[PDB]
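See below for the structure under consideration.
Indexing begins at 1, ligand by ligand and atom by atom, following the structure's order. Residues: numbered from 1 along the sequence shown.
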Amino acid sequence: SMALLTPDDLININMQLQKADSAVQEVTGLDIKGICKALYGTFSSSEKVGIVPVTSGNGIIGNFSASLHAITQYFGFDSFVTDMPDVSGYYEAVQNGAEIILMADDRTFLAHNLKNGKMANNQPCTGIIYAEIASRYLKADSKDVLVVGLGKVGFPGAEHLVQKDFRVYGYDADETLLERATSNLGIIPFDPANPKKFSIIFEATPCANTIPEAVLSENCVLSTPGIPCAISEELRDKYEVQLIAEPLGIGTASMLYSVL
Ligand SMILES: NC(=O)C1=CN([C@@H]2O[C@H](COP(=O)(O)OP(=O)(O)OC[C@H]3O[C@@H](n4cnc5c(N)ncnc54)[C@H](O)[C@@H]3O)[C@@H](O)[C@H]2O)C=CC1
Ligand SMILES: N[C@@H](CCCCNC(=O)[C@H]1CCCC=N1)C(=O)O
Ligand SMILES: [Mg+2]
Ligand code: NA
């Protein structure tokens with residue numbers, strides 16, 4: 001089984017990004033650019049970005065390149081999408097003066113800066129930024145964070161939180177992933193039968209309704225790249241949960257600012 005974006009996930013990406021940016025600003029005091037500035041020290045200066053469609057594996061995803069095109073323009077990069085896909089697309093991008101290559105198959109989504117040699121992988125970049133946003137919740141009043149999902153996105157997020165000196169509690173429905181996180185990162189295994197309430201939650205799972213009512217507190221932040229939503233509308237509304245959740249753009253920003 002594979003977790004991949006679908007074209008419907010990406011509809012009106014510009015509005016999705018705007019809403020996410022507003023939520024990030026409300027929660028943390030910074031916009032997405034400022035968050036990236038905090039993580040990486042970098043800012044955009046109209047670097048040329050070539051976006052190469054890839055027919056590998058399950059193939060080109062409807063809306064995917066177009067969404068990257070919009071996302072990169074939104075953050076102030078000089079981006080373009082190649083006509084040709086795959087290697088012929090890569091050549092086209094380089095020939096047309098791209099400084100950064102953005103491309104993805106079903107297992108890897110990367111950004112490679114050809115000018116300074118830095119390369120980013122989407123999975124850790126997404127995990128780090130969504131964890132960073134969570135952790136900057138201005139009205140948190142606590143350094144306890146719950147991390148749900150300790151896979152390719154969730155593990156690097158948890159690791160980041162541990163480095164930033166939060167008290168990280170982690171849960172993954174796969175006992176082996178949980179054990180790997182506790183023994184490699186030193187996080188506290190969360191026991192769902194013995195819950196406690198959090199004001200900061202980071203979720204990175206491909207599953208609905210992973211966040212149980214018992215861990216919620218009023219006005220808590222739930223920062224989640226996971227798709228579909230980790231929390232029902234009912235529980236979101238009931239606790240006035242401040243949700244940060246967007247399908248591509250926040251993690252893409254994290255990749256781009258990390259290679260500047
Ligand atoms: N918004 C965005 O920009 C992006 C979103 N994603 C999405 O993030 C999610 C996670 O991606 P990866 O870490 O690569 O997947 P992964 O498969 O590496 O890890 C997911 C983890 O969640 C765990 N899990 C599943 N159900 C659970 C439950 N009920 N409770 C606790 N843990 C549970 C799994 O055991 C697994 O360890 C996916 O839905 C993926 O589509 C990924 C990249 C970027
Ligand atoms: N080769 C396709 C793209 C495949 C991308 C697959 N990866 C995902 O869907 C990741 C991208 C990061 C956000 C969540 N999931 C294309 O070029 O259109
Ligand atoms: Mg995102
Ligand atoms: Na989810």
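The protein atom (non-hydrogen) at minimum distance from atom 17 (O) of ligand 1 is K152 NZ, 4.5 Å. Atom 43 (C) of ligand 1 has as its closest protein heavy atom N122 OD1, 3.2 Å.
Remark: ligand 1 and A173 share an N or O pair separated by less than 3.5 Å (distance only, no angle test). Considering backbone and side-chain N/O of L4, none are found under 3.5 Å from N/O of ligand 1. Inclusion of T210 in the set of residues having an N or O under 3.5 Å from an N or O of ligand 1 is not warranted.
Under 4.0 angstrom from ligand 1, the non-hydrogen atoms of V153 come from both its backbone and its side chain. Contacts between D172 and ligand 1 below 4.0 angstrom, taking non-hydrogen atoms only, involve backbone and side chain alike. Contact annotation: for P206 versus ligand 1, heavy atoms closer than 4.0 Å belong to both the backbone and the side chain. With a 4.0 Å cut-off on non-hydrogen atoms, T205 touches ligand 1 through its backbone as well as its side chain.
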For this session: Evaluate ring pair (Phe, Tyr, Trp, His ring centres under 6.0 Å) for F64 paired with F109, printing each intermediate quantity in order.
Result: CA-CA 12 Å; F64 185 78; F109 170 25; 5.7 Å; yes

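In this model, a donor atom of one side chain and an acceptor atom of the other lie less than 3.5 Å apart for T55 and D86.
Centred on the Na ion (ligand 4), the O atom of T205 and the OE2 atom of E203 lie at an angle of 90°, reported to 10°.
The CD1 atom of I129 lies 6.5 Å from the OH atom of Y40; values are rounded to the nearest 0.5 Å.
When distances to the Na ion (ligand 4) are checked against a cut-off of 3.0 Å, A208 contributes no N, O or S atom below that limit. Inclusion of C207 in the first shell of the Na ion (ligand 4) is supported: an N, O or S atom falls under 3.0 Å.
Considering all non-hydrogen atoms of both residues, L178 and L150 come closest at CD1-CD1, 3.8 Å.
Between the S217 side chain and the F198 main chain, a donor and an acceptor come within less than 3.5 Å of each other.
Checked against the 6.0 Å centroid criterion, the rings of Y257 and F77 qualify as a close aromatic pair.
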